[PDB]
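Under PDB author numbering, residues 41 to 302 are what the sequence shown spells out, in order.
Quick reminder that beta carbons are idealized off the backbone N, C-alpha and C, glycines included.
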Amino acid sequence: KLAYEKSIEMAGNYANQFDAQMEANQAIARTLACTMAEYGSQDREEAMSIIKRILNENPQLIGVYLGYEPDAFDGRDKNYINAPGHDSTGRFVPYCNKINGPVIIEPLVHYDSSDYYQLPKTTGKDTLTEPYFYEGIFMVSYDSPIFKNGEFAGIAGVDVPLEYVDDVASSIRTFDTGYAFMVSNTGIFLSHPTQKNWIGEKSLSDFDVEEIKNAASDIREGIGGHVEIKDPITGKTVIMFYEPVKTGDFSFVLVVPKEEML
């Protein structure tokens with residue numbers, strides 16, 4: 041009980057440690073969105089220089105981007121069809137990034153259907169995607185709607201790689217063999233000390249174990265808690281403590297062998 045409470049606080053502590061940098065990342069996209077909502081100068085090259093500077097000043101990001109509705113940045117998509125950083129629409133959709141090493145700007149893709157654009161568009165709200173792999177890079181995307189004259193004009197977003205999560209989480213130790221990992225709001229592993237292959241690929245809700253499914257429900261709803269999980273075949277019990285990460289309701293999880301705690 042002294043053991044559980046201390047573990048509850050430690051999980052909460054780490055959850056908020058990860059949360060802090062996420063709030064900062066979210067604030068970058070949001071402030072870029074506020075700024076572009078007031079931006080009347082219509083200078084595409086200048087807007088691409090602004091996103092490239094924000095990228096280069098934030099080493100924890102891998103992409104900074106804007107994507108606009110037809111003609112909503114400067115009324116002139118027809119003049120930018122297939123220009124550098126554009127596609128065949130001429131919409132202003134520059135994705136400034138260093139996914140492949142060097143910084144380049146190429147057009148966003150799937151903005152007519154993918155959540156990073158469509159959720160801001162239909163909800164009017166800031167959003168954080170679930171984690172995914174793109175071109176070999178494990179990441180999430182934070183996006184904020186740009187409102188011009190009270191109408192949705194497009195989004196400002198930042199892509200955030202998550203490799204550092206496993207670097208940090210998988211070296212956390214508690215008691216004798218207690219360990220830690222982070223998951224996303226739908227329970228997708230962002231880290232794991234031994235199963236690198238679960239990262240980005242498996243979810244808590246995939247485990248055929250009542251207690252783990254129950255943890256994943258709470259996690260989905262932003263709820264902290266703990267469960268006791270007994271392995272009938274090894275006889276070993278662990279306690280799995282999970283505490284919400286407030287930005288996106290991800291979750292920081294500590295797993296502790298019950299005997300070590302008493």
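Please report the distance separating the alpha-carbon of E268 from that of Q61. Cα to Cα, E268 sits roughly 30 Å from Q61.
Runs of beta strand (DSSP E) wholly within the region 213-289 (minimum 3 residues, chain order): Taking only runs of at least 3 residues, the beta strand (DSSP E) segments lying wholly in the region 213-289 are 219-223, 265-271 and 276-285.
Mapping the DSSP letters down to three states, classify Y172 as helix, strand or coil. Correct three-state label for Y172: strand.
Straight-line gap, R93 to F187 (C-alpha atoms, nearest Å): If I take the Cα positions, the gap works out to 23 Å.
Any idea what DSSP makes of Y79, helix, strand or coil? Reduced to three states, the DSSP call for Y79 is coil.
Would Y157 and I102 qualify as a contact pair, given that the criterion is a beta-carbon distance under 8 Å? With contacts defined by Cβ atoms closer than 8 Å, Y157 and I102 do not form a contacting pair.
Taking the alpha carbon of residue 306 as the point to measure from, which residue in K270, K276, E241 and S231 has its own alpha carbon closest? In the structure as shown, the chain starts at 41 and stops at 302, and residue 306 therefore has no counterpart that could be examined.
So what's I145 in DSSP terms, helix, strand or just coil? DSSP places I145 in the strand class (E or B) of the three-state scheme.
Reference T169, options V198, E78 and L244, closest by Cα: If we check each option's Cα against that of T169, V198 comes out closest.
Are there 16 or more other CB atoms within 10 angstroms of the CB of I228, so buried, or fewer, so exposed? Counting the other Cβ atoms within 10 Å of the Cβ of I228 gives 16 or more, which makes it buried.
Is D59 helix, strand or coil by DSSP? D59: helix per DSSP, three-state reduction.
Cβ of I212 within 8 Å of Cβ of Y219? Contact check for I212 against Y219 passes: the beta carbons are separated by less than 8 Å.
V143: which of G125, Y151 and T287 sits nearest, CA to CA? Ranking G125, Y151 and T287 by Cα distance to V143 puts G125 first.
When you compare each of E109, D166, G141 and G190 to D152 by their alpha carbons, which one comes out closest? Measuring from the Cα of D152, the nearest candidate turns out to be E109.
Roughly how many angstroms lie between the CA atoms of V296 and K46, to the nearest whole one? When rounded, the distance between both Cα atoms is 12 Å.
Based on the DSSP output, what are the partners of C136 in its beta bridges? Its beta-bridge partners are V104 and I145.
So, is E283 buried or exposed, given that buried needs 16 or more other C-beta atoms within 10 angstroms? With 16 or more Cβ atoms within 10 Å of its Cβ, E283 is classed as buried.
Would you call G240 buried or exposed, if buried means 16 or more other Cβ atoms sit within 10 Å of its Cβ? Here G240 is buried, its C-beta having at least 16 other C-beta atoms within 10 Å.
Does the distance from the CB of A69 to the CB of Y182 come in under 8 Å? Going by beta carbons, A69 and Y182 fall inside the 8 Å limit.
Using beta-carbon positions only, say whether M88 and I177 come within less than 8 Å of one another. Not closer than 8 Å, so no.
Coarse secondary structure for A123, derived from DSSP in three states: In the displayed model, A123 falls within coil according to three-state DSSP, outside both helix and strand.
Quick one, are the C-beta atoms of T214 and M50 less than 8 Å apart? In contact: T214 and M50 (Cβ atoms closer than 8 Å).
On a Cα-Cα basis, can you pick out the residue from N189, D271 and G262 that is closest to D248? Out of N189, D271 and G262, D271 has the C-alpha closest to the C-alpha of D248.
Excluding the 5 residues preceding and the 5 following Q82 in the sequence, name in chain order all residues of the same chain whose CB lies nearer than 8 Å to its CB. For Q82, same chain residues with a beta-carbon under 8 Å away, outside a window of 5 residues either side, are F113, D114, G115 and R116 in chain order.
Local conformation of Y204 per DSSP, three classes: In this structure, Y204 counts as helix in the three-state DSSP scheme.
Can you give me the Cβ contacts of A73 inside the same chain, cut-off strictly under 6 Å, excluding the 5 residues immediately before and after it? So the list reads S184, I186 and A196, once near-sequence residues are dropped.
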